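There is one chain below, alone, in structure tokens, taken in the form deposited in one PDB entry.
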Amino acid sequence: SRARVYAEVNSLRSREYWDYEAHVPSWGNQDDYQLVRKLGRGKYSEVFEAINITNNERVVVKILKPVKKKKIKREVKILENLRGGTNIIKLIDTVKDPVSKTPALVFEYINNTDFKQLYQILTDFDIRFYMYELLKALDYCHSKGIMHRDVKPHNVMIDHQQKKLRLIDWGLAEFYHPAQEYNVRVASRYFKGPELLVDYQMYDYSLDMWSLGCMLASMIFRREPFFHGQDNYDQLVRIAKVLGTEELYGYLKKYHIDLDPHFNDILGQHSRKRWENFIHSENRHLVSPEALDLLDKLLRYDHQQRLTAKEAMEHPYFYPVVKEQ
């Protein structure tokens, strides 16, 4: 219904801060960048490793499919507002081809290790450390009035040699305003919070905390993704088989949420499972009472009862990380 933290923060700032449709970027010259290799492609972008020929810096250039002017302004304005944020990918420049005017965003380079390889070799401390660092990015963006809305392993770049983490891909991110109805077609299937799956539009920063919880679960249990739905309906079934169906119905009742009747054929009845049920010999060294307590406080149906990024960062699970830092 309303965020527990940072709820009014955008209303307390100048309208210019959040009125991205009115934002006028300064578009530099893309000819300063030499594209070296394609790193990947999205629905509305392609990403390249590049060199800034004026200073020989290695960077990443994200070329935007320019038919989305408002969405471009949104991502640019969000990145500008987040500049300097802890563990948020640094926007170095906003550029256009000086002839075609196709826009592109220039980011700091991170030599990331692919999450499928990485998650197989993480230690207990590593998970604590990387989760803490990711939480710093989420607390920062939430404090800046912004929901990421696409938290997932692919958007969390980790250089495991230098121990650097960056939260990337702000193209689905949005400004939080109390009582605003948001599009539920955000996030990757496996990371969608139950609010999205039940078409509850008055969500908030806590959506990102569900997604973070899914990442935590996948890391400590070594099941990636943790909730592996085959479609958006089955995704909720996978969640309910862990969190329970009675607990789902209590959430829906609290918020007066209408459940699409296609769920009637597929949800079944499921008891809440104990998190200890996911422990076995291959993951036992990554699981502790602290880890399970934290996870249990993240992967809750009720978005208002999930820990905030700060509350999570504050949990005993991270004490070993704080003591080292």
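What we label the rigid core is the largest C-alpha set whose atoms superpose within 1.5 Å from one form to the other. Throughout, we count residues from 1 along the sequence that is shown.
The discussion below concerns the form deposited in another entry, not included here.
Just one of 58, 41, 297, 272 moves its Cα by 2 Å or more between the shown form and the other one on a rigid core overlay, and this residue is 41. Inter-residue distance, residue 21 to residue 42 (Cα): increased by at least 3 Å in that other deposited form versus the depicted form. In that other deposited form, the CA atoms of residue 41 and residue 157 draw together by 3 angstroms or more relative to this form.
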